[PDB]
Amino acid sequence: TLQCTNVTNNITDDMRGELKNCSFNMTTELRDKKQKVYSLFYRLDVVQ
Amino acid sequence: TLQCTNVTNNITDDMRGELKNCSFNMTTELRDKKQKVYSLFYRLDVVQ
Amino acid sequence: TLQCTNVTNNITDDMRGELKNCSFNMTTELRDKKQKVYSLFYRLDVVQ
Amino acid sequence: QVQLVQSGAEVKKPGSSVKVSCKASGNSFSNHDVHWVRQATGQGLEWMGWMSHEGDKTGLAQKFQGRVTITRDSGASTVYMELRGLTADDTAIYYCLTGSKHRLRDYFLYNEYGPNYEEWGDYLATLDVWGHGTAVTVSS
Amino acid sequence: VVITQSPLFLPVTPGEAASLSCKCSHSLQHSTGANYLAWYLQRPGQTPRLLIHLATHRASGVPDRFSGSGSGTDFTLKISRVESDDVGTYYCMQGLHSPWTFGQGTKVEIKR
Ligand SMILES: *[C@@H]1O[C@H](CO)[C@@H](O[C@@H]2O[C@H](CO)[C@@H](O[C@@H]3O[C@H](CO[C@H]4O[C@H](CO[C@H]5O[C@H](CO)[C@@H](O)[C@H](O)[C@@H]5O)[C@@H](O)[C@H](O[C@H]5O[C@H](CO)[C@@H](O)[C@H](O)[C@@H]5O)[C@@H]4O)[C@@H](O)[C@H](O[C@H]4O[C@H](CO)[C@@H](O)[C@H](O)[C@@H]4O[C@H]4O[C@H](CO)[C@@H](O)[C@H](O)[C@@H]4O)[C@@H]3O)[C@H](O)[C@H]2NC(C)=O)[C@H](O)[C@H]1NC(C)=O
Ligand SMILES: *[C@@H]1O[C@H](CO)[C@@H](O[C@@H]2O[C@H](CO)[C@@H](O[C@@H]3O[C@H](CO)[C@@H](O)[C@H](O)[C@@H]3O)[C@H](O)[C@H]2NC(C)=O)[C@H](O)[C@H]1NC(C)=O
Ligand SMILES: *[C@@H]1O[C@H](CO)[C@@H](O[C@@H]2O[C@H](CO)[C@@H](O)[C@H](O)[C@H]2NC(C)=O)[C@H](O)[C@H]1NC(C)=O
Ligand SMILES: *[C@@H]1O[C@H](CO)[C@@H](O[C@@H]2O[C@H](CO)[C@@H](O)[C@H](O)[C@H]2NC(C)=O)[C@H](O)[C@H]1NC(C)=O
Ligand SMILES: *[C@@H]1O[C@H](CO)[C@@H](O[C@@H]2O[C@H](CO)[C@@H](O)[C@H](O)[C@H]2NC(C)=O)[C@H](O)[C@H]1NC(C)=O
Ligand SMILES: *[C@@H]1O[C@H](CO)[C@@H](O)[C@H](O)[C@H]1NC(C)=O
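- Listed as the method for this PDB entry is cryo-EM; the listed resolution is 4.3 Å.

### A closer look at the overall build of chain D
Logical step 1: In terms of regular secondary structure, chain D is built from zero helices and 11 strands.
Logical step 2: Considered along the principal axes of its C-alpha atoms, chain D spans approximately 65 × 30 × 30 Å.
Logical step 3: Pairs at least 24 residues apart make up 56% of the contacts formed inside chain D by residues separated by at least 6 positions.
Logical step 4: Taken as a whole, chain D presents about 6,500 Å² of accessible surface, with 49% of it coming from carbon and sulfur.

### Some remarks on the arrangement of the chains
Logical step 1: The assembly contains seven pairs of chains in contact; the pair sharing the most contacts is chains D and E.
Logical step 2: Across the gap from chain A to chain E, with no contact made, the nearest C-alpha atoms are 17 Å apart.
Logical step 3: Taking C-alpha atoms only, the smallest gap left between chain C and chain E, which are not in contact, amounts to 19 Å.

### Looking at the state of the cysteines
Logical step 1: Scanning the entire structure with this criterion turns up five disulfides over all chains.
Logical step 2: Each disulfide pairs two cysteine sulfurs, and for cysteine 4 of chain A the partner residue is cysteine 22 of chain A, the sulfurs being separated by 2.0 Å. Every disulfide takes its handedness from the sign of the S-S torsion; for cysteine 4 of chain A and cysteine 22 of chain A that torsion is 110°, giving right-handed. Remark: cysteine 22 of chain A occurs in strand β2 (residues 19-24) and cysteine 4 of chain A occurs in strand β1 (residues 3-6); sequence separation between them is 18 residues.
Logical step 3: You can see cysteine 24 of chain E has no disulfide; the closest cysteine sulfur is in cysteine 22 of chain E, sitting 6.0 Å from it.
Logical step 4: Accessibility expressed as a relative area gives 11% for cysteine 24 of chain E, which makes it buried.

### Quick look at the sheet that holds β1 of chain A
Sheet strands associate in pairs through backbone hydrogen bonding, adopting either a parallel or an antiparallel arrangement.
Residue and element names in this part refer to chain A.
Logical step 1: The strand order β1-β2-β3 describes an open sheet built from three strands, whose pairing is antiparallel. Edge positions in the sheet fall to β1 and β3 (37-42), since each of these pairs with one other strand and no more. Averaged over all neighbouring strand pairs, the angle between strand axes comes to 25°, with direction disregarded.
Logical step 2: Bridge count between β2 and β3: six bridges; the pairing is antiparallel. Looking at the pairing, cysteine 22 lines up with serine 39 of β3.

### Let's talk about the site of ligand 4
Residues and elements named next belong to chain C.
Logical step 1: In the region of ligand 4, the neighbouring residues are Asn6, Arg16 and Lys20.
Logical step 2: At a separation of 2.6 Å, an oxygen atom of ligand 4 approaches a polar side-chain atom of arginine 16.
Logical step 3: Considering ligand 4 on its own, with 590 Å² of exposed area, one finds that the protein chains cover 25% of that surface.

### Re the side chain of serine 80 of chain E
Residues and elements named next belong to chain E.
Logical step 1: Here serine 80 is to be found in the loop between β8 (74-79) and β9 (88-94).
Logical step 2: Side-chain polar atoms of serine 80 contact the side chain of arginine 81, separated by 3.4 Å.
Logical step 3: In this structure, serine 80 is in contact with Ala17 and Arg65, ignoring residues within four places of it in sequence.

### Details of the interface of chain D and chain E
Logical step 1: Contact residues are listed per partner, giving 25 residues for chain D and 20 residues for chain E.
Logical step 2: Interface area for chain D against chain E, summed over the two sides, is near 1,900 Å², with a carbon-plus-sulfur share of 72%.
Logical step 3: At the surface where chain D touches chain E, the tally comes to zero salt bridges.
Logical step 4: Remark: the boundary between chain D and chain E carries six residue pairs in polar contact.
Logical step 5: Elements supplying a minimum of two residues to the side of chain D that touches chain E: β4 (33-39), β5 (46-51), β9 (92-109) and β10 (117-130) of chain D.
Logical step 6: For the side of chain D that touches chain E, the element with the highest residue contribution is β10 of chain D, accounting for seven residues.

### Re the sheet that holds strand β1 (residues 4-6) of chain D
Residues and elements named next belong to chain D.
Logical step 1: If you walk across this open sheet you meet the four strands as β1-β3-β8-β7, and the pairing is antiparallel. The sheet is open, and its two borders are formed by β1 and β7 (68-72), each paired with just one other strand. Across this sheet, the average inter-strand angle for adjacent strands is 20°, counted without regard to direction.

### What about the pattern of salt bridges?
Close approach of charged atoms allows side chains with opposite charge to pair.
Logical step 1: Summed over the entire model, instances satisfying the criterion amount to 22 salt bridges over all chains.
Logical step 2: Here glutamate 46 of chain D and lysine 63 of chain D are joined by a salt bridge, their closest N and O atoms 2.8 Å apart. In this pair, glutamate 46 of chain D sits in strand β5 while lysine 63 of chain D sits in the loop between β6 (58-60) and β7, placing the two residues 17 residues apart along the sequence.
Logical step 3: Between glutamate 109 of chain E and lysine 107 of chain E there is a salt bridge; the shortest N-O distance is 2.8 Å.
Logical step 4: Among the residues examined, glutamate 109 of chain E registers a relative accessible area of 40% and is labelled partly exposed.
Logical step 5: By relative accessible area, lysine 107 of chain E is classed as partly exposed at 32%.

### Description of the packing of aromatic side chains
Logical step 1: If you walk through the whole model with that rule in mind, you get six aromatic pairs over all chains.
Logical step 2: Each member of the aromatic cluster is reached from another via a ring pair, and the members are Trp47 and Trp50 of chain D together with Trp100 of chain E.
Logical step 3: The ring centre of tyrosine 107 of chain D lies 5.5 Å from the NZ or CZ of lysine 34 of chain A, which sits over that ring.

Cut-offs and rules
For each chain, positions are counted from 1 along the sequence as written; this may not be the entry's numbering. Residues without coordinates are not shown. To label them, take the chains in the order written and letter them from A, then take the ligands in the order written and number them from 1. What you see is one piece of a larger assembly, and the values refer to that piece, not the whole. Where side-chain values are given, they derive from all heavy atoms of the structure, hydrogens and water being excluded. Helix and strand labels come from DSSP, where a helix needs a run of H or I of at least four residues and a strand needs a run of E of at least two; each type is numbered from the N terminus. By definition, residues are in contact when any of their heavy atoms lie within 4.5 Å. Per-residue and other accessible areas were derived by the Shrake-Rupley procedure at a 1.4 Å probe size, with only the shown protein chains allowed to occlude residues. Sulfur atoms of two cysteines make up a disulfide when they are within 2.5 Å. Only protein chains enter the accessibility calculation, which uses a 1.4 Å probe. A residue is then buried if its area is under 20% of the maximum for its type, exposed if over 50%, and partly exposed in between. Only strands that DSSP links by at least two bridges are regarded as paired with each other. Axis angles are defined between N-to-C directions and span 0 to 180 degrees, where every axis is a line fitted to C-alpha atoms and, for a helix, only to the segment in contact. Near residues are defined by distance, with any heavy atom within 4 Å of the molecule or strand qualifying the residue. Here a polar contact means two N or O atoms within 3.5 Å. Within protein one must be a hydrogen donor candidate and the other an acceptor candidate, and residues neighboring in sequence count only if both atoms are side-chain atoms. Buried area: the accessible surface (1.4 Å probe) lost by two parts on joining, summed over both. What makes a salt bridge here is a side-chain nitrogen of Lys or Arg within 4 Å of a carboxyl oxygen of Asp or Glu, nothing more. Each pair of aromatic rings taken from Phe, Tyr and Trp, with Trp reduced to its six-membered ring, is defined by centres within 6.5 Å and is described as stacked if the planes are under 30 degrees apart, edge-to-face if over 60, and tilted in the remaining cases. Working rule: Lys NZ or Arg CZ, within 6 Å of ring centre, within 35 degrees of ring normal, means a charge sits over the ring.

Written out as structure tokens, the structure is:
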């Protein structure tokens, strides 16, 4: 699962809500460790 | 690992112990979530 | 990740530090259990 | 009722360390949390620190950081605590008590090809029965 | 995380119900729904004894006069029919977050 926020600032106003910023509690390549990362996503690729 | 019980409901007595009801902590399709699950099983496919 | 020490057994002194003994809590035949096991390794196969 | 034993009361000079010990009959420390508590007459209880019954965790109330340690005899039949830097305002009744905890996974990721990533933690449940305690005071 | 308790002390008329409260900066509830709250009584001249625990039950061998309440940041301890042997001080405790802590406590004393 991802935690997210609406992307804000530096946008055309007709782009509002089209992008979300989200993050992961996903593991490192070592199986015993964890890292936090985040990425830009189109709203179309996610569902609450 | 499975938690189990003998199924005694609605059963002819020469069938006793042929079925067990069991349950487990196996995962949901989300990587970070789990769900309780249970099923009937034939005694032949399990061991203590 | 593995814990290690520089284990020896009447090692010649030109072999020192070439082998390490290390351990981890592995995986087991059941997803719900872990166990600790150790084995010897050549120094070449590991990095701190 | 497990017997509990603690060190006799002691007077110590200001600016210096003291040490205490405790015991559980039947080597029941293996099944209980080690705890230390401090109290002053006319004042509320203060947790000092603990050790897990597995012995794989220890800790201190933050007031004691860098002044306290906890050790035990092999096979955990007894436990010890050392206090450092004591001054006259450290006069208190000190206690050793047994305890209980709940260990619950706090986070997980299932892995198809390996052990599940897991995070765990301890929540104290109850204090178990209190030791008779020790008294420690500090004077010239 | 911090803990407080009130009233600092309570005068008591014998044979009458009375209660104590404990509050803290964060809920004592856990994601499992577990609560890590416990109350203790210290008679003077004696070490403390568990009264209730995990915000849900009396400790074994505790009189049934004992009860408690609440959720989240607020909890109470109540004793119906308070008796002179309930004199002493009381402490709430948090096992939910490190370092484990006690409330500042309250004192029960018979009114005079
Ligand atoms: C599948 O996964 C889940 C986790 O997602 C597994 O459940 C978890 O199991 C571990 C044990 O393996 C538990 O740790 C132990 O917890 C107990 C306290 O928990 C008990 O009390 C709960 C509260 O009960 C009151 O409140 C509720 C309302 O909230 C009321 O309904 C009740 O009536 C009561 O008033 C109760 O809810 C708990 O049940 C839950 O868990 C069981 C499985 O255990 C499920 O069947 C239930 O459905 C329910 O979810 C439970 O009864 C602590 O007492 C334990 O501490 C001991 O162990 C420590 C080492 O681990 C040690 O440090 C401590 O000192 C202490 O040692 C004592 O006990 C040992 C025996 O256990 C003795 O050997 C020893 O000598 C000493 O006496 C421990 O922390 C987790 O709490 C539990 N998860 C949760 C969130 O509760 C589940 O088991 C898995 N399934 C399978 C098949 O494996
Ligand atoms: C990534 O997973 C970790 C657990 O592995 C999550 O950690 C959780 O983080 C929150 C925030 O730090 C902790 O919440 C705490 O709750 C109390 C009461 O509501 C509040 O007082 C604190 O301020 C805090 O929010 C939570 O306890 C902690 N969990 C554990 C296991 O430590 C984190 O949320 C995860 N991130 C994602 C995006 O899901
Ligand atoms: C993030 O933007 C979304 C739209 O992209 C906003 O969605 C609204 O969310 C609330 C709560 O679920 C609903 O009442 C609205 O109807 C939603 N709007 C639509 C278009 O579906 C959300 O409010 C935004 N968040 C921020 C902080 O502005
Ligand atoms: C234990 O292993 C460590 C390395 O993990 C050894 O440390 C090295 O020792 C040599 C000789 O003193 C130094 O040249 C290295 O710089 C040391 N490494 C580091 C990390 O300090 C140590 O010799 C080993 N002990 C045994 C008995 O073999
Ligand atoms: C074996 O598992 C134990 C836990 O069951 C691991 O011990 C913890 O390890 C981390 C990393 O060193 C420490 O933060 C904890 O404090 C350790 N716990 C205790 C009880 O000491 C250990 O890392 C595991 N080993 C393997 C190879 O993964
Ligand atoms: C289940 O059945 C077997 C024999 O059929 C019996 O030995 C065992 O005690 C039973 N267990 C329960 C929990 O009923």
